[PDB]
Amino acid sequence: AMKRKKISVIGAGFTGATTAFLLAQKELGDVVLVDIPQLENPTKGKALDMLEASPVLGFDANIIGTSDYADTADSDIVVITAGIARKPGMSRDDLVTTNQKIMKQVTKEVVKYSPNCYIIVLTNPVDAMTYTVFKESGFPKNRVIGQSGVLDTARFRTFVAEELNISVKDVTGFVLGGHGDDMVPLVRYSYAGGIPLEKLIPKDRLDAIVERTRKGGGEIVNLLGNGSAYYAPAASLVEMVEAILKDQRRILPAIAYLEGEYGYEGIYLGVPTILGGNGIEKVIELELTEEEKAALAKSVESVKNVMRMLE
């Protein structure tokens, strides 16, 4: 018998709710939206409101809200958005201690009810939180993935598209490294209809676009005043969920476990990835200049510093 895919979204706040609604609209599977017992009723309210949209938008989906992880049993994909979010002036690194505990508590319940699932993590700081989920899970590395690069290249592409007055569809970006201020946007691997951006955009304006990408999460935090971005992070999660569920073998930046690639091991890092029905099918190694190699090395040091703060 033909059975729907099942996606559990852990954390039913801004990012989780926005993710859930996109997953159901795209009919990518049944959705279980999970929060803490104190936010059970709000979570069910969000889930029923989304389901009540299904006849207008013309989609078939089950959406439920729960505080009971038994409702996540046999999920194909579990998306983790559970944790504390930042306010203006905070680094993503300021959340490590609270979020690590949430990741350990969440992973333990997820692997109990869905021992065969793929896990995609948003929770900040995401390199260190995806690492925590990996180790707690006991899963092989292909099955635990972080989102950062899709969102960072998305922001990059938006600003480039505004600069050149072209469709975002024909702009390509390339971000490696941690999801931090030390991100390594590779302008050399960045194009407008395949044309190197360095040939199209003067260095000063291109440098400003690279800096605006680095500070992109902060820009949304400062505008909102009382939370962080959710539309583009949710979109970024859905693209990664869709690559796996439909076995698309996309080349996408994702937070992956390294065992030698770029000359690093035992860390999660933002790298180029093949993403398919088996999760991360492989980490792609670019040939880097010594300047890019150095920029990446600073990124890895930030990651390891954050990992030293884990219990």
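One-based numbering along the sequence shown.
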Please confirm whether residue 85, modelled here, goes without coordinates in at least one third of the other compared entries that cover both its neighbours. yes
No coordinates for residue 94 in a third or more of the other PDB entries: yes
Return whichever of 149 to 157 and 87 to 95 has the greater mean Cα B factor according to the PDB record. 87 to 95
Of 71 to 79 and 198 to 206, the stretch with the higher mean C-alpha B-factor in the deposited entry is 198 to 206
Using only the C-alpha B-factors in the record, can you name which of 35, 247, 265, 49 has the highest? 265
With respect to the C-alpha temperature factors reported in the PDB entry, which of 31, 284, 243, 252 ranks highest? 284
Chain-relative CA temperature factor third for residue 123: lowest
Classify residue 133 as lowest, middle or highest third according to the C-alpha B-factor given in the PDB entry, relative to its own chain. middle
Could you say whether, by C-alpha temperature factor, residue 259 belongs to the lowest, middle or highest third of its chain? highest
Position of residue 222 among the chain's modelled residues by C-alpha B-factor, lowest, middle or highest third: middle
Could you look up the Cα B-factor of residue 235 in the entry and say which third of the chain it sits in: lowest, middle or highest? lowest
